[PDB]
Every structure is written in C-alpha cells, then in structure tokens.
C-alpha cells in the first residue's frame, strides 16, 4: 500500500502478532508491573518466533527483517507491555546490533546465532555511575594481558544486565589525546556470560518498566580473550554512536506504542463516561486533547518510519533518528498524561492501565539520549548544513 501505512506483507506479519500479544502478553502486564518478575515464559515464546533475532540476517539464524517492520513490531509490543518492548528493542538494537555492525565474520557466527534464538539475551554496557549523556567520559578500563584483556569498572542501568548470556561492554584501552577528544581510545568488547569477574550490583526499583531487567554491573579483573575486541582498538565510540542511531528508532516506536495505547483507552473511556448529561467526549476540554494526541502520535509514527526507511536504504539517518525519538517520546508522554487527566480520579488508580502507560513511557525521554542531548544532536546537524 501507500508508504505511510501498513502494506499487505506487513499486515500478514503484524496482524497475527497483535492477536498473540492481546492473548498472551496483555493479560499479565499489570501483574508484571507490580511484581517486576522477568517474563521468561514470554521471552521463550517470542524467541521461538524470531523476535529476538529480528534484524539478524537469516544466514546467522535471524529473521532478516527490515528496520521498518521491526520498528512496527516494537510499537505493537509496547502497546501491551512497555517492559517487554524495551527488553526486545534493547536486545536487538544494542548488544546484537553492535555485534552485527562491527563484528568480524568469526564473531558474528559465534554470537549472532545464540542471540537470534533467544538462547542468549544481550546486554550492552556503556553508561556508568559518573557518565551517561557524556558517555565518552566512561572510566571502565581494559588492559592488555597475555591471551586477551582484563576489564575493571562499573556499568549503570544496563538492560538485561542480570539475565544476559552475551555482553558488549565499552572500556578505555588507550589514553585520550585531550579532554575534548576523550572519545578516542575507547574500545568495545563482546563476550559470553563470564564464569567469573562479573557481578550484578544492588538492583534499583524503577518508576516504571518494572519487569524490564535493569542492573549495575561490576567488573573486577574480568578476563576476555583477544577475539573479544569488537571493532578496531580505540575506535569503538563511533560504532557506539551508530548503534544508538538505530536504537533510537526502536525507542521512538516504543513511545508511539505506549502513547497510542493511552489514546485508545482515553477515546473509549470518553465515549462511555457521561457527565452533565452527555459523554465527556462531547466537551472540547476532552475532545481537543484527544485530537491533539492523535495528530502528534501520527506525526511521530511517520517520523520513525522515515528514519527506518533511511536506515534500510543504507543512508545516513542520525538526524532523522534523533528527531523521531525526540518527537515520539515527548508526544507519547504528553498523550499518556492527558489520558490520566481524561479518566480523572480513575486515571490515578492502578486498576486502570493509563497510569502505567505514563510511567513506562516516561523513560523514553531519557534513555538512549535524553531529549536535551537529542536537541543538541539535531541542532548541530542543522547548523552544519548551514
């Protein structure tokens, strides 16, 4: 069909997928938000579908899907369970994506098959206690030893950090030429869950996405073989930025899914709830919110589809991925907040899903580049183009 809508082939995949989500994922979303229990059962079931190898080429045991279709799949998952959407998006975009992007043929044959089947979930460790937005300020170090490297440092807020079977960690291998250029000298390392040298820190409770595994990683004299070095030594940061460009498309889709769920719930609610003798949807104070949210969410969807298209075409998309994530996350969180408002007192109670949608969506304005950082990324590119 038309570029902006789901084509026949996309519907053939997404239609059945959405029914699976409604039947198997939706029922326990509220409970998972309360308990935080990692959904191993659903991971297993999704993995059997190839969801955890979505972007991985079929040659490596993956589904070989396009960025566009995978993004739509993430939106679909997020509509029913934000935590699961983050689990799926991060696994595919970050750890797996980085190995697919910079891995040698040997590394891709060793890691990709296990990641694509779900046998091994992937964790991507960039952020640290002292550095997030300024990611190049990381302090984890990698020193050269006989047979490989010795890693020492701490990673903060790592998704799948405690359940991962494969880890990709960024560490400094060489001194930076200057503080302005501290990105130089950083390398990436890919390795299977260590027998020793890696421990999970005190788990933090989160505002939302309860069931998503987020943990602190403490690396103490962790040994990794020579084959662990991912990409060229000291040039890992450029690769990190390319990985985040792709990851941002997934987060944009995640945001749209959560915002759409909130809008859909508010629309249905406003049509059935009456006040002053008529459905509240008849008051502009409610209908205008619905119209604005619907419009912004459609705009956000078009933006992430555009970014995905550029990536699928092998063209630069840094600016476009940033714009998509920025707009989708900001619009989605606003839509969720308006949905809470439309339900009134009921929007403040956990028996209804809207308060969870907001709590889950709220992280999309922070993860993989805060909205502030993205505005810098966007402005810089705009100014360069004069």
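Residue numbers count along the first chain shown, from 1.
In this crystal structure, the stretch out of 83-91 and 214-222 whose C-alpha atoms carry the higher mean B factor is 214-222. As listed in the deposited structure, the average C-alpha B-factor of 340-348 and of 61-69 is greater for 61-69.
Among 243, 228, 126, 268, the highest C-alpha B-factor in the deposited entry belongs to 228. Across 289, 235, 181, 301, the greatest Cα temperature factor reported in the deposited entry is at 181. For residue 252, the recorded CA B-factor ranks within the lowest third of the chain. Only modelled residues enter the ranking. Among all modelled residues in this chain, the alpha-carbon of residue 185 has a temperature factor (C-alpha) in the middle third. When all modelled residues of the chain are sorted by CA temperature factor, residue 175 is found within the highest third. Ranked by C-alpha B-factor against the other modelled residues of its chain, residue 295 falls in the lowest third. In the deposited entry, the Cα temperature factor of residue 19 places it in the middle third of its chain's modelled residues.
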